[PDB]
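Novice: Got a file for you: protein-v8.pdb, PDB, C-alpha atoms.
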ATOM      1  CA  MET A   1     -14.197  -8.940   2.786  1.00  0.00           C
ATOM      2  CA  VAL A   2     -10.672  -9.166   1.440  1.00  0.00           C
ATOM      3  CA  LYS A   3      -8.147 -11.986   1.662  1.00  0.00           C
ATOM      4  CA  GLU A   4      -5.420  -9.970   3.399  1.00  0.00           C
ATOM      5  CA  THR A   5      -5.438  -6.626   5.157  1.00  0.00           C
ATOM      6  CA  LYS A   6      -1.703  -5.844   5.397  1.00  0.00           C
ATOM      7  CA  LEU A   7      -1.652  -3.247   2.660  1.00  0.00           C
ATOM      8  CA  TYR A   8      -4.647  -1.446   4.152  1.00  0.00           C
ATOM      9  CA  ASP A   9      -3.078  -1.645   7.584  1.00  0.00           C
ATOM     10  CA  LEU A  10       0.118  -0.094   6.245  1.00  0.00           C
ATOM     11  CA  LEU A  11      -1.866   2.954   5.087  1.00  0.00           C
ATOM     12  CA  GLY A  12      -3.928   3.119   8.301  1.00  0.00           C
ATOM     13  CA  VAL A  13      -7.227   2.535   6.488  1.00  0.00           C
ATOM     14  CA  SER A  14     -10.194   0.186   6.280  1.00  0.00           C
ATOM     15  CA  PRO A  15     -10.215  -2.399   3.487  1.00  0.00           C
ATOM     16  CA  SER A  16     -13.240  -0.520   2.150  1.00  0.00           C
ATOM     17  CA  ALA A  17     -11.284   2.768   1.917  1.00  0.00           C
ATOM     18  CA  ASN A  18     -12.030   5.254  -0.804  1.00  0.00           C
ATOM     19  CA  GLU A  19      -9.471   7.088  -2.935  1.00  0.00           C
ATOM     20  CA  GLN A  20      -9.326  10.169  -0.687  1.00  0.00           C
ATOM     21  CA  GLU A  21      -8.699   7.938   2.313  1.00  0.00           C
ATOM     22  CA  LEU A  22      -5.966   5.977   0.558  1.00  0.00           C
ATOM     23  CA  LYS A  23      -4.209   9.196  -0.443  1.00  0.00           C
ATOM     24  CA  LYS A  24      -4.437  10.669   3.061  1.00  0.00           C
ATOM     25  CA  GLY A  25      -3.218   7.452   4.655  1.00  0.00           C
ATOM     26  CA  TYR A  26      -0.301   7.206   2.260  1.00  0.00           C
ATOM     27  CA  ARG A  27       0.684  10.846   2.871  1.00  0.00           C
ATOM     28  CA  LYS A  28       0.644  10.285   6.625  1.00  0.00           C
ATOM     29  CA  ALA A  29       2.605   7.031   6.371  1.00  0.00           C
ATOM     30  CA  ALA A  30       5.208   8.571   4.045  1.00  0.00           C
ATOM     31  CA  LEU A  31       5.722  11.459   6.481  1.00  0.00           C
ATOM     32  CA  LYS A  32       6.463   8.977   9.307  1.00  0.00           C
ATOM     33  CA  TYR A  33       8.764   6.671   7.452  1.00  0.00           C
ATOM     34  CA  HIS A  34      10.701   8.713   4.878  1.00  0.00           C
ATOM     35  CA  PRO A  35      14.381   7.927   5.471  1.00  0.00           C
ATOM     36  CA  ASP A  36      15.302  11.565   6.062  1.00  0.00           C
ATOM     37  CA  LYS A  37      12.791  11.842   8.954  1.00  0.00           C
ATOM     38  CA  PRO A  38      13.608  11.155  12.583  1.00  0.00           C
ATOM     39  CA  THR A  39      11.144   8.222  12.532  1.00  0.00           C
ATOM     40  CA  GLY A  40      12.435   7.088   9.134  1.00  0.00           C
ATOM     41  CA  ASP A  41      12.341   3.390   8.323  1.00  0.00           C
ATOM     42  CA  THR A  42      13.453   2.486   4.824  1.00  0.00           C
ATOM     43  CA  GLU A  43      11.950  -1.026   4.812  1.00  0.00           C
ATOM     44  CA  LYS A  44       8.598   0.235   6.047  1.00  0.00           C
ATOM     45  CA  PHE A  45       8.714   3.133   3.577  1.00  0.00           C
ATOM     46  CA  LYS A  46       9.104   0.598   0.751  1.00  0.00           C
ATOM     47  CA  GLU A  47       6.118  -1.332   2.147  1.00  0.00           C
ATOM     48  CA  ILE A  48       3.893   1.755   2.266  1.00  0.00           C
ATOM     49  CA  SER A  49       5.001   2.807  -1.213  1.00  0.00           C
ATOM     50  CA  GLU A  50       3.965  -0.601  -2.549  1.00  0.00           C
ATOM     51  CA  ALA A  51       0.741  -0.508  -0.586  1.00  0.00           C
ATOM     52  CA  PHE A  52      -0.291   2.778  -2.201  1.00  0.00           C
ATOM     53  CA  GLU A  53       0.857   1.707  -5.686  1.00  0.00           C
ATOM     54  CA  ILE A  54      -1.288  -1.441  -5.501  1.00  0.00           C
ATOM     55  CA  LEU A  55      -4.305  -0.089  -3.642  1.00  0.00           C
ATOM     56  CA  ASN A  56      -4.614   3.147  -5.618  1.00  0.00           C
ATOM     57  CA  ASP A  57      -4.788   1.147  -8.881  1.00  0.00           C
ATOM     58  CA  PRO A  58      -8.345  -0.165  -9.051  1.00  0.00           C
ATOM     59  CA  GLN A  59      -7.285  -3.245 -11.061  1.00  0.00           C
ATOM     60  CA  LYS A  60      -4.367  -4.207  -8.842  1.00  0.00           C
ATOM     61  CA  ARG A  61      -6.527  -3.545  -5.778  1.00  0.00           C
ATOM     62  CA  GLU A  62      -9.167  -6.056  -6.993  1.00  0.00           C
ATOM     63  CA  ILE A  63      -6.440  -8.627  -7.602  1.00  0.00           C
ATOM     64  CA  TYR A  64      -5.019  -7.985  -4.129  1.00  0.00           C
ATOM     65  CA  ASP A  65      -8.413  -8.179  -2.445  1.00  0.00           C
ATOM     66  CA  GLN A  66      -9.230 -11.536  -4.031  1.00  0.00           C
ATOM     67  CA  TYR A  67      -5.848 -13.221  -4.162  1.00  0.00           C
ATOM     68  CA  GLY A  68      -3.398 -11.512  -1.812  1.00  0.00           C
ATOM     69  CA  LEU A  69      -0.027  -9.840  -2.010  1.00  0.00           C
ATOM     70  CA  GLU A  70       2.100 -12.633  -3.473  1.00  0.00           C
ATOM     71  CA  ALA A  71      -0.470 -13.111  -6.207  1.00  0.00           C
ATOM     72  CA  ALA A  72      -0.583  -9.394  -6.910  1.00  0.00           C
ATOM     73  CA  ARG A  73       3.223  -9.305  -7.246  1.00  0.00           C
ATOM     74  CA  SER A  74       3.497 -12.404  -9.437  1.00  0.00           C
ATOM     75  CA  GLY A  75       4.674 -11.680 -12.950  1.00  0.00           C
ATOM     76  CA  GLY A  76       5.173  -8.008 -12.224  1.00  0.00           C
ATOM     77  CA  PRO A  77       8.000  -5.758 -13.327  1.00  0.00           C
ATOM     78  CA  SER A  78      11.435  -6.998 -12.305  1.00  0.00           C
ATOM     79  CA  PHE A  79      12.250  -3.713 -10.514  1.00  0.00           C
ATOM     80  CA  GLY A  80       9.471  -4.269  -7.957  1.00  0.00           C
ATOM     81  CA  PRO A  81       9.484  -6.023  -4.580  1.00  0.00           C
TER      82      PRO A  81
END
Produce structure tokens that represent the structure in this file.
Specialist:
Amino acid sequence: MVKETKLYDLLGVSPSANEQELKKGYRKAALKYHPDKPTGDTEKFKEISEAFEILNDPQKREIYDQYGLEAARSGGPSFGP
């Protein structure tokens, strides 16, 4: 298992997702939430963008899976969420 599933949920995938699945889930999520779309939702679009950035990086994904989102963010670049 994983500590938290939110990021996987945001992309519409299992916590055991592979790279192809992460990319497909991100593409689908981005298409829903992009601010220029009728279903746009800026705050959710930020969340999905972070979810893909973390989960598609094998190192950050391991950190997330073992320690959670706040841990994965801690110490990160100041521009990030």
Novice: Could you check which of A:76, A:66, A:36, A:7 is closest to residue 52 (chain A), using all atoms listed in the file?
Specialist: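 Comparing A:76, A:66, A:36, A:7 against residue 52 (chain A), the winner is A:7.
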Novice: Under the PyMOL selection byres ((chain A and resi 65) around 12), which residues of this model are included? Write them out as a PyMOL selection string.
Specialist: chain A and resi 1-8+15-16+54-55+57-64+66-72
Novice: Using the chain letters and numbers from the file, which residues does the PyMOL selection byres ((chain A and resi 13) around 12) grab, as a PyMOL selection string?
Specialist: chain A and resi 5-12+14-26+28-29+48+51-52+55
Novice: I'd like the interatomic distance between CA of residue 56 (chain A) and CA of residue 42 (chain A), to a tenth of an Å.
Specialist: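 That distance, rounded to one decimal, is 20.9 Å.
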Novice: Write out as a ChimeraX atom specification which residues come within 10 Å of residue 32 (chain A) when counting all atoms listed in the file, dropping same-chain ones fewer than 5 positions away.
Specialist: /A:26-27,37-41,44-45
Novice: Padding of 6 Å on every side, edges along x, y and z, all listed atoms of region 38-50 of chain A included: what centre and edge lengths in Å, to one decimal, does that box have, as JSON?
Specialist:
{"center_x": 8.8, "center_y": 4.9, "center_z": 5.0, "size_x": 21.7, "size_y": 24.5, "size_z": 27.1}
Novice: Find the residues near residue 43 (chain A): any atom within 12 Å, counting only C-alpha atoms, skip ones fewer than 6 places away on the same chain, and give them as a list in words.
Specialist: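 The neighbour list is residues 10, 30, 33, 34, 35, 49, 50 and 81 of chain A.
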Novice: May I have the selected residues written with C-alpha atoms, as a short mmCIF file (atom, residue, chain, number, x, y, z; two decimals), in the coordinates of the input?
Specialist:
data_model
loop_
_atom_site.label_atom_id
_atom_site.label_comp_id
_atom_site.auth_asym_id
_atom_site.auth_seq_id
_atom_site.Cartn_x
_atom_site.Cartn_y
_atom_site.Cartn_z
CA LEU A 10 0.12 -0.09 6.24
CA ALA A 30 5.21 8.57 4.04
CA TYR A 33 8.76 6.67 7.45
CA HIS A 34 10.70 8.71 4.88
CA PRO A 35 14.38 7.93 5.47
CA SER A 49 5.00 2.81 -1.21
CA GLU A 50 3.96 -0.60 -2.55
CA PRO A 81 9.48 -6.02 -4.58
#
